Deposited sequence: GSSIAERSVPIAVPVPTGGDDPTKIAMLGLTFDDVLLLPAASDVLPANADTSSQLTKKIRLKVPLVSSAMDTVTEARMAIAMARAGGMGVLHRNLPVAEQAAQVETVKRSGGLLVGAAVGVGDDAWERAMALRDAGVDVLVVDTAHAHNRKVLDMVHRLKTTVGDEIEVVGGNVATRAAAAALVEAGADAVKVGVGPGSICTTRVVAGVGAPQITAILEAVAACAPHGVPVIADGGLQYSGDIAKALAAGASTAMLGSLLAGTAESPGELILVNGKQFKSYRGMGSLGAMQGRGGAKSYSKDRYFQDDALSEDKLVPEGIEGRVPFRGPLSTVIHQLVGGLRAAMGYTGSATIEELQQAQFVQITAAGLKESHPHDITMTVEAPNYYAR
């Protein structure tokens, strides 16, 4: 083996990230303004805009979830607060019209009760929110939830980074599979644990397991530009979950911060020291203030529509069949 040892499977793959690829233009009859951006969040739920906001306490509380749903996407409420408070945020969203909402639960002691309270509150999507869903504890939770409330509530499981892990969630009964181990902007899983999978390759691998079972893949983490959304969907994801890109918006939690004459908002990992208040796997930082969510979403969707125009994709389903070119370091 050219890279060492005698085992060709030791280094199993070459992992590509968003900056490693570009979408190739293709024959097109599609104007960007006329493209159809709708896509499956889960087997049953279709969104007008294939974007969901991260279950983080500096991204999504009731305000964000309401704005996201009104923009045609959805918010996933974070779970870093008492169960009664999360359920109360679910209610607040549902009382603002017939708006879709999801909410994160863990696999811990009180996870099952949290889930039951959220259902009672009228939640549409339950997200089993973990760093590593390839764990019998996570797969059991996913299964237990689907068998209990599956008729009324869609159950998302995550996160995974390999084909085998996505396959296990599919078998456990997941209505969607969330992909991303290591790629988050505030993530230090890669440096702390040495663990991860570049996101384009992880999406391609997860989609190979999920698509044949009609299970949508949510691409979660590592998205920096609107063009990365197009790339994630062309790799086969059906939606993208955004943290950093939305953390600087008016609707996110947290106050405005002024440093050196410029405006910021705090953005922090759920595995950072201050969020857990131990070995942190996230940092605390700031992102530029971006103004209203509606503006940000408009530019993101605008970029998506441009990609759909370039690739001749009339629908997201068509975009998922687009081709890439791999680029070198010099490209960029």
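Visitor: Pop the missing stretches of the deposited sequence into a list, counting residues from 1 and keeping sequence order.
Guide: Those parts of the chain that were deposited but carry no coordinates are 1-14, 292-314, 370-389.
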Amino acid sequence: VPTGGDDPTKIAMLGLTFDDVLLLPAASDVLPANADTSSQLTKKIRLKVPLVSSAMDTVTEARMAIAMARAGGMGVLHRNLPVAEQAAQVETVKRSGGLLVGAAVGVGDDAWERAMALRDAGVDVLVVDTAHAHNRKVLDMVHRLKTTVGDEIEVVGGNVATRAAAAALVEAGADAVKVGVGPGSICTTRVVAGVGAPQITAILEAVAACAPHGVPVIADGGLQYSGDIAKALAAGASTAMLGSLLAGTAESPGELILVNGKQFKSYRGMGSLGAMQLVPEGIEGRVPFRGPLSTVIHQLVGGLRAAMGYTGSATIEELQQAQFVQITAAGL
From here on, numbers count along this sequence of modelled residues.
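Visitor: May I ask you to compare 303-311 and 28-36 by their mean CA B factor in the entry and name the higher one?
Guide: Mean CA B-factor is higher for 28-36.
Visitor: Take the C-alpha B-factors listed in the entry for 150-158 and for 238-246, compute each mean, and give the stretch with the larger one.
Guide: Stretch with the greater average CA B-factor: 150-158.
Visitor: Specify which of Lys231, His78, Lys94, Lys178 carries the largest Cα B factor in the deposited PDB entry.
Guide: In this record, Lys94 carries the highest C-alpha B-factor of the candidates.
Visitor: Between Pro212, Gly102, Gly194, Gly122, which one tops the list for C-alpha B-factor in the PDB entry?
Guide: Checking the PDB record, the top C-alpha B-factor among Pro212, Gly102, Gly194, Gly122 is at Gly122.
Visitor: Comparing against every modelled residue in the chain, figure out the third that the C-alpha B-factor of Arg163 lands in (lowest, middle or highest).
Guide: Ranked within chain, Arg163 CA B lands in the lowest tercile.
Visitor: Ranking every modelled residue in this chain by its Cα temperature factor as given in the entry, which third contains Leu273?
Guide: Top third by C-alpha B-factor.
Visitor: Quick check for you: using the entry's CA B-factors within this chain, is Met64 in the lowest, middle or highest third?
Guide: Ranked within chain, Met64 CA B lands in the middle tercile.
Visitor: What third of the chain, by the recorded C-alpha B-factor, contains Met56?
Guide: As the PDB entry reports it, the C-alpha B-factor of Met56 lands in the middle third of its chain.
Visitor: Rank-wise, by C-alpha B-factor, drop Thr130 into the lowest, middle or highest third of its chain.
Guide: It falls in the middle third of the chain.
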